[PDB]
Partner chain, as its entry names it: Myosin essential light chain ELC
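Taking the form solved without its partner chain, here's one chain by itself in structure tokens.
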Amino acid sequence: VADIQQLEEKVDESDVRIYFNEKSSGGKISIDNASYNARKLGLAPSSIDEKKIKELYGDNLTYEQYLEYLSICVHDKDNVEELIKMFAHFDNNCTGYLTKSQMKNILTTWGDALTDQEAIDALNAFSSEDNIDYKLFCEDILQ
């Protein structure tokens, strides 16, 4: 797992700092605004990451604790195959497609569930067609 030094070769710390200044109150940043900044930096935190940092430092992070959080958000082991296999689990006809409604159920049920409108919006933004090529979808979100 990325340390802060390595994080700072991957992202511009000038951005890291400016995004912190945008959201900080009292010299600290809330987990939710830290996750927002992580995403602006092209990182993808889950609730596992949020809860890990919260367990160490509480709801509001100093600048350095925010840097530690970002290092946890890097996820270098992410690959498209694992994402595809998750969806393919529900593709028992082995068609390569799931409908927007099927995709919605898969995304709003278990895990860090999206809201119905979040899942709907992400799916409509991806494709105007109802059949989603989930391999194409996974390749898109990973970039």
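Numbering follows the first chain given and starts at 1.
What comes next is about the form solved in complex with its partner chain, which is not displayed.
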* Within a 4.5 Å heavy atom cut-off, is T95 in contact with its partner chain in the deposited bound form? -> no
* Contact of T62 with its partner chain in the deposited bound form (heavy atom, 4.5 Å) -> no
* Wondering, does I53 line up within 4.5 Å of its partner chain in the deposited bound form on heavy atoms? -> no
* Is there a heavy atom of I106 lying 4.5 Å or less from a heavy atom of its partner chain in the deposited bound form? -> yes
